[PDB]
Amino acid sequence: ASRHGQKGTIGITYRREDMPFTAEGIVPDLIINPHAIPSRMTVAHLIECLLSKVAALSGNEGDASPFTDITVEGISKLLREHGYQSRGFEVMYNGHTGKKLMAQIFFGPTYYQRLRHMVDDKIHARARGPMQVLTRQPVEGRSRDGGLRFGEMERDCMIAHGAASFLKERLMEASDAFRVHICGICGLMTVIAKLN
Amino acid sequence: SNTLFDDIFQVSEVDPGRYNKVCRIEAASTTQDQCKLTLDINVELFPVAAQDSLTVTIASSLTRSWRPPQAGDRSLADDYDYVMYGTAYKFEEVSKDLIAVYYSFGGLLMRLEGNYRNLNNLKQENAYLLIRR
Amino acid sequence: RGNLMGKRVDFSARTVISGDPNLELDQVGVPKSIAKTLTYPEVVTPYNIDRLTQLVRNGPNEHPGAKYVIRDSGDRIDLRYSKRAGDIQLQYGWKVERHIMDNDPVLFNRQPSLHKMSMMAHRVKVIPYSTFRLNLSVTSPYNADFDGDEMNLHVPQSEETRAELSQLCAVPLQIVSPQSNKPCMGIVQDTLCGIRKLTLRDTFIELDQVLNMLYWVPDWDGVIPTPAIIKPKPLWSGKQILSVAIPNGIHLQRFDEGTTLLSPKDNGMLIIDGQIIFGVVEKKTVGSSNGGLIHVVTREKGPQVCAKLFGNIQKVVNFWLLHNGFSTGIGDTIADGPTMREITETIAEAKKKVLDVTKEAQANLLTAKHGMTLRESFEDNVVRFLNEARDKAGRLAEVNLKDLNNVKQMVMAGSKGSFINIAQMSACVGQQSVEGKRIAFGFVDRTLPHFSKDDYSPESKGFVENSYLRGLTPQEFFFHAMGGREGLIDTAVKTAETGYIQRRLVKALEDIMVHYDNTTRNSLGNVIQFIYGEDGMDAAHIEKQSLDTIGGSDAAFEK
Amino acid sequence: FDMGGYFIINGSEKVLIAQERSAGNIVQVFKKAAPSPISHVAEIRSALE
Amino acid sequence: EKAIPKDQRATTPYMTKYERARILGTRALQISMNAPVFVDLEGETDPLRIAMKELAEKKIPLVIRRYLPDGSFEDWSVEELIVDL
Amino acid sequence: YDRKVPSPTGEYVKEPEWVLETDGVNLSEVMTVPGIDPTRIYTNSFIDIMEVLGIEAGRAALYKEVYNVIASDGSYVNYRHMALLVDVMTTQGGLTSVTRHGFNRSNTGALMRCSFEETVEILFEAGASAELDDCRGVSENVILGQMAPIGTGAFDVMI
Amino acid sequence: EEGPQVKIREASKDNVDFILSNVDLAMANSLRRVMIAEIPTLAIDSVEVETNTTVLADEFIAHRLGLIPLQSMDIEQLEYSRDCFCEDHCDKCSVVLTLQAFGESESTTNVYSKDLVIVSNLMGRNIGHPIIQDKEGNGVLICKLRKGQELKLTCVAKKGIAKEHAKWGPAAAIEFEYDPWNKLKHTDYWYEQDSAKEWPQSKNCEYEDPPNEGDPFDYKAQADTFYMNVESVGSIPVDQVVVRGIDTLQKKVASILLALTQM
Amino acid sequence: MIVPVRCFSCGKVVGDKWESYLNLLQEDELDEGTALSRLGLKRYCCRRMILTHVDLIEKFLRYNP
Amino acid sequence: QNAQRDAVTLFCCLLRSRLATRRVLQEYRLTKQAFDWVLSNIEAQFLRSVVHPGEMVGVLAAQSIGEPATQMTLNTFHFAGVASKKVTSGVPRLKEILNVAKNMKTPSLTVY
Amino acid sequence: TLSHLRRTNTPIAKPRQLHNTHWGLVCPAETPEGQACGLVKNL
Amino acid sequence: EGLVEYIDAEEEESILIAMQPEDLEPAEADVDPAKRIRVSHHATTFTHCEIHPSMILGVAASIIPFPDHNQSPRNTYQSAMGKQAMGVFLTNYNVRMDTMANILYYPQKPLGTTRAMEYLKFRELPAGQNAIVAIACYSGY
Amino acid sequence: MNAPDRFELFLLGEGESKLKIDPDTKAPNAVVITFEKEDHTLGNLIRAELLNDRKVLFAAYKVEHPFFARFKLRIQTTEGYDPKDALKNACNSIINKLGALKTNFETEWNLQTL
RNA sequence: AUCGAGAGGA
Ligand SMILES: O=c1ccn([C@H]2C[C@H](O)[C@@H](COP(=O)(O)OP(=O)(O)OP(=O)(O)O)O2)c(=O)[nH]1
Ligand SMILES: [Mg+2]
Ligand SMILES: [Mg+2]
Ligand SMILES: [Zn+2]
Ligand SMILES: [Zn+2]
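Residues numbered from 1 in each chain as written, not as in the entry; some residues may be left out. Chains lettered and ligands numbered in written order. Part of a larger assembly, values for the part shown. Heavy atoms only, no water.

In the PDB archive, X-ray crystallography is given as the structure determination method for this entry, at a resolution of 2.900 Å.

Anyone opening this PDB entry will find it titled "RNA Polymerase II Elongation Complex in 150 mM Mg+2 with 2'dUTP".

Here it is in structure tokens:
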């Protein structure tokens, strides 16, 4: 996370060579999409990054106290004084080709958080394991090597598709499944099967 | 094979319609009075100002893949500067006897209008445009 | 409800998901350890024994592999222990629990599943790393992002189970949905943004690039098309190579605003056979729209061909995009020196316009609009003068954004963002509201205790003269906070309400199905409709068509 | 840096959470629902501090 | 009994997506379990692809029993059902 | 209101009309008023339309009203689905709500009405009236672990 | 001399700044990628901890030792362990380092890479000498010790490349720029008013002719002449970073020429 | 938690500059900007490396055992 | 047979409006060969367009209504500016309708 | 931790809305989403 | 010495509060266009003044840099996540024994701060890094 | 933990060999070569250079997935010219430019002081 | 192992 409710997860890692690069030869620890900017209206994230860039140049204390007299204009002036296009843009080269990117890139430092929720404490896969005592059903929870709930709400999607065999199979072969003996007259499980 | 049309047009207007490398041009021939032409030109490659008497042609010739020119020993119907390749896509009739065709050069558009374009510009996915001087 | 209508299941798997442009629409990237956990039982045929005896040997630990070999006599053999695990002679008719391999049919589901499209069969593609990977275009039917959403996967254990998966549930043949007689999938985010950028009449690409792009399409027949420009320097248009991705016999026609077969704004769309004639490709063309390219390609050429079409339009545009680049800065929210002054003197008029009405009402010369209170009409007037104020200020700022403005490019492309967003970022956030009314007197006869009593002005009751760029004032900050909370509240309340509505609808129609005489019935055999939907027709094989006999003059009909 | 304010019960550090409740000994009137005979009501919840 | 003679049968002559998905499914089970094959397997080894081929050439010896909401039924050979779809 | 209506020449033209808009409902009193069109008067309370104009006009307003929730919102959903909902709420004679009072009171199978709400008492009176359960409901086969008579299992396969 | 053309404008032990003309854009870049990621170096790749009563975690320290730059001068005469026929490692392929320090004084005790002691036979070559560019003689503070705290460990530095782990890179940052005035229209300036006044002219504008508005766009002109600056981290002297750069790239082209032959 | 070796983003060694930086600040009473400049940290990524850094190791060392 | 004529009525209006003599020859200039081909698709595609016996339409419909429901916003509205345009819309309206609620928030006559 | 120790809870007519009187007393931003939103507060 | 006072909502009912000493009372006697637009004096009968408007925020929302430039629900989201961020929860952590402890290798104080951090011990115990971010469509990953 | 090993970006696994050459089934006189454990460093360099040779009808390359090191290069040439010879010349050309770039740099370097 | 409770994820 950034600190403006910009959540979201790593999709891939490029080594420094495949990354886009500035002319001074700086390179991003991180690339985020211009596409998670304008619906969320998180201009503070934009302002941080612009501001933060000037801190890092001047060696100063980026002051982002809410109700103060700091302005995107004010910042920008300070930023152009240090020798960079005042709105945080910067010509970059594609790292595959060396070729200058047609588009300039907003590029600057920005405080980012590493949250809990890492993949390898979620990856869970069962293919038969321990069963509950009462219901002879798969046990609950990853931490115990359990099944995933095929809910009644999912059972609906399966009906819409017309997948009858697959629905019967999820609900018999996987999970439950049991043979019993039925009275042909009474219709109850009264039959004592002295089987074998 | 072979030519399909010809005339020297006189450019009446050059408009940069919200673009940087392209312009829609307005012209009419000087030789013939009931004839007019509108055209998208790449104005980075071949610059055109107002009243720039251009010469214009169509062909269908000088299909497999396009091989790079390698014009060490080559010959194309180009004595010309600007040259495009496109598709006919509407042959319109402006009634009684007037006719107009529409061409697309992968998006760069052309509209020509006369009459003696008669037994000429058929339904062909052909047509090259050629402009000089 | 908890152990019969639905139950916990074997052979099902779960992880964080991630998008992958180089992945097929109907594929699903399965992390490899999962792929080593989940198994298919497979009978031993002379057709498979060379793949199976091999696969047995690989054992449970190396990928393309197996645990457990079941013989007749019911008895299992555990390929992780057992002394004979590098021995073993497979008989015909034995089962081998093999690992899941490339191109196995698997059910893939994201919750809440409320939808047939929340449950689709994918083709397996075993991969490194611990995320499921999916094509961005299968994003929507699932309604998933990549901000830490998580999906399930259930593996079919039987032969016709997998048949039933790949013949009914497969992704390709869910592209066009009975919900709305329209495709439920389309081009989104980067690709949707880039495909616009690519298709501009200004966009030309020269040989080097063109060859790699061509090559990027896996269906490409190895024929460089002739460049639109062959004069000083062979150049191709963006439109030209994109068209390589669009199949043959594909016709499409639009017309938007000032569209005149000569598109002097390059809008509308004409595609004449696999080739685009004029008009920028965006959302109405290549979104999940009604008479769109996807709708047409699915219908005309088949789901299989249409599925690959996503694949291709991505591979190219994504490639083009990578090498062009696209960004968005805070510079993209700064209007105009002069424009700022306008916006200011525009709010300012709506300020005095409210003054006056107030001044009017205070002097008892305000008349009540039929059927409403004196004070109700005042609120109405004021709230209106202020919405107009915001919307007019917003359009002043939108007009002033250049075509090179990145925000405006995502709006035009239909990829992300609206007018309201431009508005609030750079002109004026506007009136705040709770309970459908402007801010309430919470403290007695005032909204905050920094105000006097009986103050009805804009700022006193929630109008926020400023924009996210200029920054909120203390008061404004608080009011907007109050408004925001109200939004969070009923989002939490909506999902509760609608989750229940859905259940009841589902539970109340459950057994209604079309019988073998086109009559619509339930379990009881009660006729509900006599011919489904009143016409016997399936909802997916329908499109909006124009009834020519209806409109126009009696002369024009006759002629 | 530890601020304190928490307990420790069986070596598990516990926080007591503040509880929101309505104040007693204040008198308040409440217009009542239209399908009922009582038009208005005044209420006091009186307790010893 | 009950039944319905091959004449006066009112249900679609065409196969339904559900009829064919089960047919392929059913045959795919038999092929997968070493039961004999009635087509020239042009190098196909997949039991379902093989059932798809045997379908395309209408050499699958199955019959659909279509039920009607009254209880009566119509029989159709896989041979006689059109497989457009 | 705007209203499109056939010109004397054939084509539809914009011909604007005065429309009265009310707070509250007394239908069979206001339609019988002199001066208005009794043929086009409408009320959102479809539960009144049902009462004055009978069950079918009911069905029609109910649909018009459900449709209006979707469309006003900005969404479109094909007619055959709302039609089916509306029909189901209406083939019983009056209005049956999608509620443990409406549809679930119907005399479908006990096993399938119990899986919705009021699980246990639906199963008590089921033992008390000695109900016969059809086993044609999807849910009853779900519960029994059999193949529902659904899409794939809607028919039979035979040699 | 025949080919691609180089000209230095500045040099130090740490930076070389050069114009690079008569070359293909694809080569200039390919060279930088290799220069960043592919030239062999020596760095620590095994730590065996005997005692760590420090404030820091074992693998935290082990990580820090990886990143410590070591002399990689004579690297070309040392093998990859994956290759070398020894079991595990020898002096023919790996270099063994030691580290001990105990908390001696009242005051905090510092631990610097200068404290690492080579123990392998070096067989007289320029390898493994924790690079110190420090002014006061001790480079890279590994960790700090209190009063009675101790750290005793054993490192093994091996031959590797950035592609494996970024520790193995002699790279630092590589400045790279062509066509400072955008005569090639490779970029499209984002602006509010006026491009030139808004974007700062790069230092490399003095080295090219002004674009001149009175001239049509040159459409044949190609990416050629590239302003670069290569910075070295320490393990290899700058010049050598570019040279083994040019070289490893030449070597890997050839490995293909070769591969065409065998098959 | 000790000065990291090597700037994350670029790879320049900064792990040997913590001492000097603390001295350029205290002893010569300099400001972090010209401090960083004098230590040869020009690119703003390496500049952030030292300017951000919080030296918690001091507080860890303060625990007796 | 009567039900069958009806089922099709609306499609035939489209069919005749399109495949009418003047049009078939003047607007889109078909030849005897192309024309039979057109009559041949129109049939095939029509049969391919029919609903399949077996289709679970019950569940399909529920999900086709509940799903866009879950995407609805403003259980107030933007009608809000007007203090009387308060016609119960969105989800609380669905709640009334599906509940057949006797006491609705905004009853209204519209009189023509 | 600092957050947790300054938390409010509220059992069970508009208890979730940020009421005007909160100003200065209870943070206007910090509250959990969904479930029990606007019932749990921080100082 | 009666320079400062305590107040509860009830009393709040009967007082007029200023927002800033200066911009809310120096009198009356040009403007910067970049600055956020002010309300007024417009009431000259004050009893109290805010110590500072930013103190309306809790502990979590105090870390958000420029919250007054954010759409409010986001601000709520960030306060949900500030709690979930790895950092350094205590110094004595190598001495405690509790299920689950997550520490950042190289915590950084952030480059843009708030005056409220100073009292929240955030630059002494940060959770986060200054990552050089780039906003761009690259690979499409 | 599901991460592949880092050396698999450069080390050839067993079996796997550096080049595999395939006859193209689309256009005549064209070939497609897969390069194990390579990337844009090499693909983009060969391609751009294979394009200077005027007997090369077509030349392009592409890393189909960034997880793996393999990339594909497709070449087409004029009748008479073998695609493998075009590659060969392409390599040699590069190698000579590089032995040039190298001697030129060394000469420069030595002339510098400081 | 189960019952409850609480925290938190989409
Ligand atoms: O037609 C639409 C409507 C919304 N959005 C996006 C806009 C914004 O990025 C997001 C906000 O909607 P919401 O808050 O409901 O969902 P979310 O933002 O995706 O968050 P989450 O997935 O946690 O519910 O959805 C679209 O892209 N297209
Ligand atoms: Mg979203
Ligand atoms: Mg999510
Ligand atoms: Zn060795
Ligand atoms: Zn750096």
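Now, onward.
Enquirer: Can you lay out the protein's contact with RNA strand M for me, pointing to particular residues and giving the numbers?
Expert: Every residue close to RNA strand M is listed here: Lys7(A), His117(A), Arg144(A), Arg110(C), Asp147(C), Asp149(C) and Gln84(K). Restricting the count to atoms of RNA strand M within 4 Å of the protein gives a sugar and phosphate share of 100%. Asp149(C) places a polar side-chain atom, nitrogen or oxygen, 3.5 Å from a sugar or linking oxygen of RNA strand M. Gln84(K) places a polar side-chain atom, nitrogen or oxygen, 2.6 Å from a phosphate oxygen of RNA strand M. A breakdown of the residues in the surface near RNA strand M according to their chemical character gives no nonpolar, two polar and five charged. (Near = heavy atom within 4 Å. Polar contact = N/O pair within 3.5 Å; in protein donor to acceptor, adjacent residues only side chain to side chain. Nonpolar A, V, L, I, M, F, W, Y, C, P; charged D, E, K, R; others polar.)

Enquirer: Describe the coordination of the zinc ion (ligand 4), and please don't skip the residues or the numbers.
Expert: Residue and element names in this part refer to chain G. Here the zinc ion (ligand 4) is held by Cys84 (SG), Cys86 (SG), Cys90 (SG) and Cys93 (SG), and the distances to it run 2.3 to 2.4 Å. For the zinc ion (ligand 4), the four donor atoms in the first shell make angles of 85 to 125° at the metal, a pattern classed as tetrahedral. We note that the donor set of the zinc ion (ligand 4) lies within a single chain, spaced as C-x1-C-x3-C-x2-C. (Donors = N, O, S within 2.8 Å, 3.2 Å for Na, K, Ca; no water. Tetrahedral: all angles 85-135°; square planar, octahedral: opposite > 155°, others 65-115°.)

Enquirer: Requested: an account of the pattern of salt bridges, with residues and values cited.
Expert: Within the structure shown, the criterion is met by 108 salt bridges over all chains. We note a salt bridge from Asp2(F) to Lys14(F), for which the minimum N-O separation is 3.9 Å. Within this pair, whereas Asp2(F) is found in the segment before β1 (4-6), its partner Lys14(F) is found in strand β2 (residues 12-14), the two being separated by twelve residues in sequence. For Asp2(F), a relative accessible area of 64% corresponds to the exposed category. Taking relative accessible area as the criterion, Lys14(F) reaches 62% and is therefore assigned exposed. A salt bridge links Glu96(I) to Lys105(I); its shortest N-O distance comes to 3.2 Å. Exposure remark for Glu96(I): the relative accessible area of 6% places this residue in the buried category. The exposure class assigned to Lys105(I) is exposed, which follows from its relative accessible area of 60%. A single salt-bridge network, built from bridges that share partners, covers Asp18(A), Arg33(G), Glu38(G), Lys163(G), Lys252(G), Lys18(L), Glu38(L) and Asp39(L). (Salt bridge = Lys/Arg side-chain N within 4 Å of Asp/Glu carboxyl O. Helix = DSSP H or I, 4+ residues; strand = E, 2+ residues; numbered from the N terminus. Buried < 20%, exposed > 50% of the residue type's maximum accessible area, 1.4 Å probe, protein only.)

Enquirer: If you had to explain the coordination of the zinc ion (ligand 5) to someone new, which residues and values would you point to?
Expert: When a metal carries six donors in an octahedron, the ideal angles between them are 90 or 180 degrees, while four donors in a tetrahedron ideally lie at 109.5 degrees. Residues and elements named next belong to chain H. For the zinc ion (ligand 5), the protein coordination sphere consists of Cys7 (SG), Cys10 (SG), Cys45 (SG), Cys46 (N) and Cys46 (SG), at 2.3 to 2.7 Å. Written as a sequence motif, the donor residues of the zinc ion (ligand 5) are C-x2-C-x34-C-C. Of this pair, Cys7 sits in the segment before α1 (18-26) while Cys45 sits in helix α3 (residues 44-51), placing them 38 residues apart in sequence. Its relative accessible area of 2% is what places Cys7 among the buried residues.

Enquirer: Tell me about the interface of chain C and chain G, residues and numbers included.
Expert: Taken residue by residue, the interface counts eight residues in chain C and five residues in chain G. The three residues of chain C that bury the most area against chain G are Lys233(C), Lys402(C) and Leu404(C), which together make up 57% of that side's buried surface. Our count for the chain C to chain G interface comes out at zero salt bridges. One can count three residue pairs in polar contact joining chain C with chain G. In terms of residue class, the side of chain C that touches chain G is made up of three nonpolar, two polar and three charged. (Contact = heavy atoms within 4.5 Å. Buried area = accessible area lost by both parts, 1.4 Å probe.)

Enquirer: Quick one: what's the story with the interface of chain A and chain C, residue by residue and with numbers?
Expert: Many descriptions give the size of an interface as the accessible area lost when the pieces come together. Listed as interface residues are 71 residues of chain A and, on the opposing side, 85 residues of chain C. Summed over both partners, the interface of chain A with chain C comes to about 7,000 Å²; 58% of that surface belongs to carbon and sulfur atoms. Inspection of the chain A/chain C interface yields seven salt bridges. The tally of links between chain A and chain C comes to 41 residue pairs in polar contact. Mapped by element, the contributors of at least two residues to the side of chain A that touches chain C are α1 (43-58), α2 (72-81), β6 (124-126), β7 (148-150), α3 (152-161) and α4 (164-170) of chain A. For the side of chain A that touches chain C, the element with the highest residue contribution is α3(A), accounting for nine residues.

Enquirer: Outline the site of ligand 1, listing residues and values.
Expert: Close to ligand 1 lie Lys7(A), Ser39(A), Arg40(A), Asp145(C) and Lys416(C). This site is not confined to one chain, since residues near ligand 1 come from chains A and C. Interatomic distance of 3.2 Å between a side-chain N/O atom of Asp145(C) and an oxygen atom of ligand 1. The contact in question runs from an oxygen atom of ligand 1 to an N or O atom on the side chain of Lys416(C), over 3.2 Å. When the free accessible area of ligand 1 is taken as 580 Å², the share hidden by the protein chains comes to 33%. Considered class by class, the residues forming the shell around ligand 1 number no nonpolar, one polar and four charged. (Areas by Shrake-Rupley, 256 points an atom, 1.4 Å probe, with all protein chains shown as cover.)

Enquirer: Kindly report on the sheet that holds strand β6 (residues 95-99) of chain C, identifying the contributing residues and their values.
Expert: Residue and element names in this part refer to chain C. Strand order across the open sheet formed by three strands is β4-β6-β5, with antiparallel pairing between neighbours. Only two strands of the sheet have a single neighbouring strand rather than two, namely β4 (39-43) and β5 (66-70). The sheet shows a mean angle of 20° between the axes of neighbouring strands, taken without regard to direction. Strand direction decides the pairing type here: β4 and β6, joined by five bridges, are antiparallel. By the bridge assignment for β6, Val43 is matched with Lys95. In the packing of helix α2 (residues 49-58) onto the sheet, contacts are made with β4, β5 and β6, and the angle to β6 comes to roughly 65°. (Pairing = 2+ DSSP bridges. Axes fitted to C-alpha atoms, helices over the stretch in contact; angles between N-to-C directions.)

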